[PDB]
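Chemist:
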Amino acid sequence: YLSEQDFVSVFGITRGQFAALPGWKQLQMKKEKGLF
Numbered sequence: 784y785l786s787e788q789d790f791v792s793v794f795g796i797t798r799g800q801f802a803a804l805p806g807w808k809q810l811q812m813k814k815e816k817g818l819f
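Heads up: the sequence shown begins at 784 in the UniProt record's numbering, then just goes up one per residue.
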C-alpha cells in the first residue's frame, strides 16, 4: 500500500535485497508496517 520507492524509504532496504530475502521475511515486513 505504498510505491516501491516509498516502500524503500519506509522499509530501510532495497527492492533488490527484498526480492533476495526469504518470502517469509518479505511478507513479515509487509505485515509489520501494518500490524503484523
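Where a beta carbon is used, it is the ideal one built from N, C-alpha and C, also for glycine.
I need the straight-line Cα distance from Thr797 to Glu815, nearest angstrom please.
Modeler: One C-alpha to the other measures close to 17 angstroms.
Chemist: What did DSSP end up calling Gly795 once you bin it into helix, strand or coil?
Modeler: Three-state DSSP puts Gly795 in coil, outside helix and strand.
Chemist: Can you give me the Cβ contacts of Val791 inside the same chain, cut-off strictly under 7 angstroms, excluding the 5 residues immediately before and after it?
Modeler: For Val791, where only same-chain residues beyond five positions count, the Cβ hits under 7 angstroms are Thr797, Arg798.
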